[PDB]
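Coordinates as given in protein_29.cif (mmCIF, C-alpha atoms):
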data_model
#
loop_
_atom_site.label_atom_id
_atom_site.label_comp_id
_atom_site.auth_asym_id
_atom_site.auth_seq_id
_atom_site.Cartn_x
_atom_site.Cartn_y
_atom_site.Cartn_z
CA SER A 31 0.00 0.00 0.00
CA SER A 32 3.12 2.13 -0.14
CA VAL A 33 3.91 -0.50 -2.87
CA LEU A 34 2.42 -0.39 -6.38
CA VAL A 35 2.07 -3.90 -7.89
CA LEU A 36 1.77 -4.24 -11.64
CA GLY A 37 0.74 -7.53 -13.08
CA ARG A 38 -0.67 -9.55 -15.91
CA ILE A 39 -2.12 -12.93 -16.65
CA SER A 40 0.77 -14.81 -18.20
CA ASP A 41 1.75 -18.30 -19.35
CA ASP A 42 5.37 -17.09 -19.75
CA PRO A 43 6.30 -14.95 -16.73
CA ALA A 44 10.07 -15.04 -17.45
CA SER A 45 9.45 -13.23 -20.79
CA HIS A 46 6.67 -10.80 -19.85
CA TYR A 47 8.60 -9.43 -16.90
CA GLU A 48 10.60 -7.23 -19.37
CA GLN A 49 7.37 -5.78 -20.82
CA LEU A 50 6.17 -4.57 -17.41
CA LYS A 51 9.31 -3.37 -15.54
CA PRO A 52 10.20 -0.32 -17.71
CA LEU A 53 6.76 1.26 -17.46
CA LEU A 54 6.60 0.52 -13.71
CA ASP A 55 9.97 2.29 -13.26
CA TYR A 56 8.55 5.25 -15.15
CA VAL A 57 5.34 5.23 -13.04
CA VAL A 58 6.55 4.67 -9.39
CA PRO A 59 8.57 7.93 -8.95
CA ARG A 60 5.66 9.90 -10.31
CA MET A 61 3.38 8.36 -7.67
CA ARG A 62 5.41 9.44 -4.60
CA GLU A 63 3.06 12.30 -3.74
CA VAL A 64 0.18 9.75 -3.14
CA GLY A 65 2.26 7.39 -0.90
CA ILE A 66 3.80 5.07 -3.43
CA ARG A 67 7.45 4.45 -2.70
CA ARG A 68 8.25 1.28 -4.62
CA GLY A 69 7.01 -0.90 -7.40
CA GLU A 70 6.61 -4.67 -7.78
CA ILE A 71 5.65 -7.11 -10.54
CA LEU A 72 3.29 -10.01 -9.78
CA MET A 73 1.92 -12.09 -12.59
CA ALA A 74 -0.68 -14.89 -12.49
CA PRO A 75 -1.27 -18.03 -14.73
CA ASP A 76 -4.98 -17.29 -15.48
CA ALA A 77 -7.86 -14.90 -14.76
CA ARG A 78 -9.08 -16.95 -11.77
CA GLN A 79 -5.82 -16.65 -9.84
CA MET A 80 -5.29 -13.04 -10.93
CA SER A 81 -8.77 -12.27 -9.50
CA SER A 82 -7.72 -13.83 -6.26
CA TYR A 83 -4.62 -11.65 -6.11
CA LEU A 84 -6.67 -8.62 -7.10
CA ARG A 85 -9.34 -9.26 -4.46
CA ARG A 86 -6.75 -9.87 -1.73
CA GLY A 87 -4.77 -6.74 -2.66
CA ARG A 88 -1.66 -8.52 -3.89
CA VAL A 89 -1.93 -6.92 -7.32
CA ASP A 90 -2.99 -3.29 -7.94
CA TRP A 91 -2.98 -2.70 -11.66
CA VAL A 92 -3.13 -4.92 -14.74
CA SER A 93 -3.20 -4.08 -18.46
CA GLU A 94 -5.42 -6.63 -20.26
CA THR A 95 -7.45 -7.26 -23.37
CA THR A 96 -11.05 -6.38 -22.79
CA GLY A 97 -12.58 -9.87 -22.47
CA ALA A 98 -10.00 -10.83 -19.86
CA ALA A 99 -10.64 -7.48 -18.15
CA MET A 100 -14.29 -8.23 -17.83
CA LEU A 101 -13.53 -11.67 -16.35
CA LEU A 102 -11.65 -9.76 -13.68
CA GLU A 103 -14.53 -7.33 -13.14
CA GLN A 104 -17.15 -10.08 -13.02
CA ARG A 105 -15.17 -11.83 -10.30
CA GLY A 106 -15.45 -8.67 -8.11
CA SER A 107 -11.75 -8.08 -8.34
CA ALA A 108 -11.07 -4.95 -10.48
CA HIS A 109 -12.62 -1.99 -12.45
CA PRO A 110 -11.55 -0.07 -15.57
CA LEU A 111 -9.13 2.87 -15.20
CA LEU A 112 -8.33 3.82 -18.82
CA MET A 113 -8.81 2.49 -22.40
CA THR A 114 -5.56 1.31 -23.99
CA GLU A 115 -4.58 1.52 -27.62
CA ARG A 116 -1.86 -0.89 -28.80
CA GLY A 117 -0.01 -1.06 -32.12
CA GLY A 118 -1.74 2.14 -33.22
CA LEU A 119 -5.14 0.36 -32.83
CA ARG A 120 -7.94 1.03 -30.42
CA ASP A 121 -9.95 -2.00 -31.62
CA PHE A 122 -9.59 -5.57 -32.72
CA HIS A 123 -11.70 -8.55 -33.69
CA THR A 124 -11.49 -12.26 -33.96
CA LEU A 125 -11.16 -14.15 -37.23
CA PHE A 126 -11.80 -17.81 -37.99
CA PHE A 127 -9.55 -19.44 -40.59
CA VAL A 128 -9.13 -22.78 -42.38
CA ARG A 129 -6.87 -24.52 -44.86
CA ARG A 130 -7.71 -23.19 -48.37
CA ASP A 131 -8.64 -26.75 -49.46
CA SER A 132 -11.17 -26.95 -46.58
CA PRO A 133 -14.75 -27.77 -47.27
CA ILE A 134 -15.54 -25.02 -44.66
CA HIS A 135 -16.62 -21.63 -46.11
CA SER A 136 -18.67 -20.11 -43.24
CA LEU A 137 -19.14 -20.15 -39.48
CA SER A 138 -22.17 -22.45 -39.77
CA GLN A 139 -20.08 -25.17 -41.29
CA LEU A 140 -18.16 -25.47 -37.99
CA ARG A 141 -20.94 -27.85 -36.95
CA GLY A 142 -19.28 -31.30 -37.11
CA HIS A 143 -15.75 -29.87 -37.15
CA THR A 144 -12.98 -28.91 -34.71
CA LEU A 145 -11.84 -25.47 -33.50
CA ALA A 146 -8.38 -24.59 -32.12
CA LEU A 147 -8.55 -22.07 -29.26
CA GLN A 148 -5.89 -20.63 -26.98
CA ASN A 149 -6.57 -20.48 -23.22
CA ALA A 150 -9.64 -19.61 -21.16
CA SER A 151 -8.35 -16.02 -20.44
CA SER A 152 -7.87 -15.10 -24.14
CA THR A 153 -10.16 -12.42 -25.51
CA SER A 154 -9.49 -13.00 -29.18
CA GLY A 155 -8.56 -16.69 -28.86
CA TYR A 156 -11.33 -17.92 -26.58
CA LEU A 157 -14.00 -15.47 -25.39
CA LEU A 158 -14.87 -13.75 -28.69
CA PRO A 159 -14.91 -16.92 -30.78
CA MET A 160 -17.03 -18.84 -28.28
CA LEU A 161 -19.39 -15.92 -27.95
CA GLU A 162 -19.74 -15.88 -31.73
CA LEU A 163 -20.65 -19.55 -31.75
CA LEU A 164 -23.19 -19.13 -28.95
CA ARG A 165 -24.77 -16.30 -30.97
CA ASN A 166 -25.15 -18.51 -34.02
CA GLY A 167 -26.65 -21.41 -32.00
CA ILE A 168 -23.59 -23.50 -32.82
CA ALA A 169 -22.95 -25.92 -29.94
CA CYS A 170 -19.28 -26.32 -28.98
CA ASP A 171 -18.19 -29.14 -26.66
CA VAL A 172 -14.70 -29.30 -25.14
CA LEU A 173 -12.74 -32.11 -26.85
CA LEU A 174 -10.18 -33.97 -24.78
CA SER A 175 -7.54 -34.61 -27.40
CA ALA A 176 -6.78 -34.36 -31.07
CA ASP A 177 -8.27 -37.89 -31.53
CA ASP A 178 -11.55 -36.72 -29.97
CA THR A 179 -14.30 -35.78 -32.44
CA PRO A 180 -17.22 -33.47 -32.14
CA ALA A 181 -20.85 -34.52 -31.91
CA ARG A 182 -22.49 -34.70 -35.28
CA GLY A 183 -24.17 -31.30 -35.46
CA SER A 184 -22.01 -29.65 -32.83
CA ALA A 185 -18.59 -28.11 -33.11
CA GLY A 186 -15.85 -29.06 -30.68
CA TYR A 187 -12.87 -27.10 -29.48
CA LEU A 188 -9.39 -28.07 -28.51
CA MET A 189 -7.39 -25.85 -26.24
CA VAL A 190 -3.89 -25.68 -27.70
CA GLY A 191 -2.41 -22.85 -25.59
CA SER A 192 -0.29 -20.62 -27.81
CA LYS A 193 -1.36 -18.52 -30.78
CA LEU A 194 1.39 -20.24 -32.89
CA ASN A 195 -0.20 -23.58 -31.92
CA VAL A 196 -3.56 -22.55 -33.23
CA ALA A 197 -1.95 -21.77 -36.57
CA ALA A 198 0.26 -24.91 -36.46
CA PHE A 199 -2.55 -27.35 -35.61
CA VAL A 200 -4.71 -26.02 -38.41
CA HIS A 201 -1.82 -25.93 -40.93
CA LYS A 202 -0.94 -29.51 -40.21
CA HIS A 203 -4.56 -30.90 -40.69
CA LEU A 204 -4.92 -31.71 -36.95
CA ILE A 205 -7.82 -29.25 -36.38
CA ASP A 206 -10.28 -27.82 -38.95
CA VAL A 207 -10.54 -24.14 -37.87
CA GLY A 208 -8.39 -21.70 -35.94
CA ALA A 209 -9.31 -18.50 -34.04
CA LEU A 210 -6.94 -15.52 -33.87
CA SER A 211 -7.28 -11.72 -33.69
CA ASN A 212 -6.89 -9.75 -36.90
CA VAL A 213 -3.77 -8.33 -35.33
CA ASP A 214 -2.23 -11.76 -34.59
CA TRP A 215 -3.03 -12.70 -38.16
CA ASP A 216 -0.41 -10.13 -39.45
CA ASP A 217 2.07 -10.96 -36.70
CA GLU A 218 4.73 -13.38 -37.96
CA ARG A 219 5.60 -14.86 -34.52
CA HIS A 220 1.98 -16.08 -34.17
CA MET A 221 0.88 -16.63 -37.83
CA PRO A 222 4.04 -17.59 -39.82
CA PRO A 223 3.85 -16.83 -43.53
CA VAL A 224 4.71 -20.47 -44.37
CA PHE A 225 1.30 -21.34 -42.74
CA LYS A 226 -0.61 -18.18 -43.65
CA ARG A 227 -0.40 -18.67 -47.42
CA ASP A 228 -2.31 -21.98 -47.01
CA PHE A 229 -5.09 -20.34 -45.01
CA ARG A 230 -8.34 -18.64 -45.87
CA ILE A 231 -10.53 -16.44 -43.60
CA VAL A 232 -14.15 -17.69 -43.25
CA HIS A 233 -15.62 -15.41 -40.56
CA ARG A 234 -14.95 -12.15 -38.67
CA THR A 235 -16.48 -11.10 -35.34
CA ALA A 236 -17.60 -7.55 -34.61
CA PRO A 237 -14.75 -5.47 -33.08
CA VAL A 238 -14.17 -4.69 -29.44
CA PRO A 239 -11.81 -2.27 -27.75
CA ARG A 240 -8.32 -3.73 -27.80
CA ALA A 241 -7.28 -3.31 -24.12
CA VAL A 242 -7.99 -1.65 -20.81
CA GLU A 243 -6.05 -0.69 -17.73
CA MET A 244 -7.74 -2.19 -14.65
CA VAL A 245 -7.11 -1.40 -11.02
CA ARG A 246 -8.08 -3.46 -8.05
CA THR A 247 -11.21 -3.34 -5.99
CA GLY A 248 -10.56 -1.10 -2.95
CA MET A 249 -7.58 0.84 -4.38
CA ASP A 250 -7.26 4.10 -2.45
CA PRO A 251 -9.09 6.78 -4.55
CA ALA A 252 -6.08 9.16 -4.61
CA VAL A 253 -3.64 6.47 -5.89
CA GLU A 254 -6.17 5.57 -8.53
CA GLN A 255 -6.55 9.27 -9.69
CA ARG A 256 -2.82 9.85 -9.84
CA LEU A 257 -2.04 6.61 -11.70
CA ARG A 258 -4.73 7.65 -14.18
CA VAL A 259 -3.08 11.06 -14.68
CA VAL A 260 0.42 9.60 -14.98
CA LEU A 261 -0.60 7.09 -17.59
CA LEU A 262 -2.54 9.72 -19.51
CA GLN A 263 0.60 11.87 -19.69
CA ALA A 264 3.01 9.05 -20.47
CA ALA A 265 1.92 8.77 -24.10
CA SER A 266 3.14 12.29 -24.89
CA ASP A 267 6.37 12.00 -22.86
CA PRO A 268 9.54 10.94 -24.77
CA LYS A 269 10.94 9.76 -21.42
CA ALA A 270 8.21 7.01 -21.59
CA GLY A 271 8.15 5.98 -25.29
CA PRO A 272 10.66 3.15 -24.88
CA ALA A 273 8.78 1.78 -21.86
CA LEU A 274 5.46 2.14 -23.70
CA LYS A 275 7.07 0.27 -26.61
CA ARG A 276 7.85 -2.57 -24.24
CA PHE A 277 4.39 -2.38 -22.57
CA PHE A 278 2.78 -4.39 -25.41
CA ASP A 279 3.52 -1.53 -27.81
CA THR A 280 1.13 0.83 -26.05
CA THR A 281 0.61 3.84 -28.33
CA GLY A 282 -2.23 5.44 -26.39
CA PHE A 283 -4.26 5.70 -23.17
CA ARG A 284 -7.55 7.51 -22.95
CA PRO A 285 -10.38 8.09 -20.50
CA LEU A 286 -13.34 5.84 -20.13
CA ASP A 287 -15.92 7.60 -22.30
CA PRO A 288 -19.63 6.65 -22.29
CA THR A 289 -19.20 4.76 -25.59
CA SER A 290 -16.25 2.68 -24.39
CA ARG A 291 -18.15 2.00 -21.14
CA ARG A 292 -21.22 0.63 -22.92
CA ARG A 293 -19.03 -1.42 -25.21
CA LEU A 294 -17.39 -2.91 -22.12
CA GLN A 295 -20.84 -3.63 -20.65
CA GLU A 296 -21.85 -5.37 -23.90
CA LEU A 297 -18.67 -7.38 -23.87
CA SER A 298 -19.08 -8.25 -20.22
CA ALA A 299 -22.64 -9.62 -20.86
CA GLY A 300 -21.25 -11.71 -23.73
CA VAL A 301 -18.41 -13.01 -21.57
CA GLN A 302 -20.87 -13.80 -18.74
CA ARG A 303 -22.89 -15.73 -21.38
CA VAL A 304 -19.77 -17.72 -22.48
CA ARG A 305 -19.04 -18.41 -18.84
CA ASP A 306 -22.61 -19.39 -18.04
CA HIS A 307 -22.86 -21.77 -21.05
CA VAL A 308 -19.27 -23.20 -21.16
CA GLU A 309 -18.87 -23.61 -17.40
#

For this file, produce the structure as structure tokens.
Amino acid sequence: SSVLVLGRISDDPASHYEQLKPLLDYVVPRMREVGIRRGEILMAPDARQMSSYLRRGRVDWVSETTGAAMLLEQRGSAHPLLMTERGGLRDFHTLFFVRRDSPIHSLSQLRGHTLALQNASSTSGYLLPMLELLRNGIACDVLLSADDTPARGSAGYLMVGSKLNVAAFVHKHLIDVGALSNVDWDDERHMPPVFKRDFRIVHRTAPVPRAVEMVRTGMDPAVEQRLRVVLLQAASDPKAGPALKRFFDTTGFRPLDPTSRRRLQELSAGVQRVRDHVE
């Protein structure tokens, strides 16, 4: 509580540490006037455990994609501070893709076929695609392995972890359809051009805001206000551009406007619906 703890949900803590530390080092000295003296990094493996840390006060601030953010909010653990723009983009969406040779040409044809998804905390790799299926009445059962097959008339999904794995499993004929964000699609670490050229897009979800800064339930109001101000000013401060670069290429923060708020509400309902019906 004289300590500011920055975190994120992470399956690779050793590598995401470097993305958080620079910005934290920029932030902490500018927070002295509200009682902050030092900064710490605490990451968690999924949204459930991050919520626990949030609720117990072990983490103060996380920067997340908006579906993941709403998981945190729904679990009583955090609330939005600022909207975050990354890679020059305020928004993103999910796309579904197949091998070009695939008999699949539309979302509806997922019925009877498999879907590669990322992890349960992924906005673009889990929450958006499942929501889209729910919306189209397309049942999707968890499959246990790559030998497991969907129900006739339902889709089934296989959790493969990484974004590269979604692309890999689909390229190699192990799964019929993959889900990635439009942004991951043009990112060569996650969608290698040797795979991409064999793929075809068959469906796009509506866009959502890309990311949000969230702060924990019970944060002291003054610390909250000052962190907000600091982050708002960081964008236009050359002393922060390198750290912002590292902070998932953050190119912008902006206030929660009524539009972004209602879009988060919409998203939250949708995420609550995924959660309710994929328990």

For segment 80-90 of chain A, list every protein, DNA or RNA residue within 12 Å, evaluated using only C-alpha atoms, and leave out those in the same chain fewer than 2 positions away; present the list as an MDAnalysis selection string. chainID A and resid 31:40 54 66 69:78 92:94 98:111 151 243:250 253:254 257

Quick one: pull the distance between atom CA of residue 261 of chain A and atom CA of residue 52 of chain A, Å, one decimal. 13.1 Å

Mind giving me the straight-line distance from atom CA of residue 286 of chain A to atom CA of residue 53 of chain A in Å, one decimal?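 These two atoms are separated by 20.8 Å.
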
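Selection check: the PyMOL selection byres ((chain A and resi 179) around 12) on the shown file gives residues 141, 142, 143, 144, 145, 170, 171, 172, 173, 174, 175, 176, 177, 178, 180, 181, 182, 183, 184, 185, 186, 187, 188, 204, 205 and 206 of chain A.
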
Apply the PyMOL selection byres ((chain A and resi 156) around 10) to the file shown and report the selected residues as a list in words.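 Matching residues under the PyMOL selection byres ((chain A and resi 156) around 10) are residues 97, 98, 124, 146, 147, 148, 149, 150, 151, 152, 153, 154, 155, 157, 158, 159, 160, 161, 187, 189, 209, 210, 301 and 304 of chain A.
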
Extract, using only C-alpha atoms, all DNA, RNA and protein residues at most 6 Å from residue 129 of chain A, discarding same-chain residues fewer than 2 positions from it, and format them as a ChimeraX atom specification. /A:131-132,228-229

Please indicate the distance in Å from atom CA of residue 211 of chain A to atom CA of residue 126 of chain A, rounded to one decimal place.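 Between atom CA of residue 211 of chain A and atom CA of residue 126 of chain A the gap is 8.7 Å.
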
From (-17.2, -9.9, -33.2), in the file's coordinates, out to 7 Å: which residues are reached, counting only C-alpha atoms? Answer as an NGL selection string. :A and (123-124 or 158 or 162 or 234-237)

Those residues you just picked out, can you put them in a file as a short mmCIF file (atom, residue, chain, number, x, y, z; two decimals), keeping the file's coordinate frame with C-alpha atoms?
data_model
loop_
_atom_site.label_atom_id
_atom_site.label_comp_id
_atom_site.auth_asym_id
_atom_site.auth_seq_id
_atom_site.Cartn_x
_atom_site.Cartn_y
_atom_site.Cartn_z
CA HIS A 123 -11.70 -8.55 -33.69
CA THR A 124 -11.49 -12.26 -33.96
CA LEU A 158 -14.87 -13.75 -28.69
CA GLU A 162 -19.74 -15.88 -31.73
CA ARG A 234 -14.95 -12.15 -38.67
CA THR A 235 -16.48 -11.10 -35.34
CA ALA A 236 -17.60 -7.55 -34.61
CA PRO A 237 -14.75 -5.47 -33.08
#

So for segment 43-62 of chain A, what box centre and size do we get, axis-aligned, 6 Å extra on each of the six sides, every listed atom, Å to one decimal, as lines of an AutoDock Vina configuration file?
center_x = 7.0
center_y = -2.6
center_z = -12.7
size_x = 19.2
size_y = 36.9
size_z = 28.2

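Distances from A:134, A:168, A:125, A:238 to residue 289 of chain A were compared using only C-alpha atoms, and the smallest one belongs to A:238.
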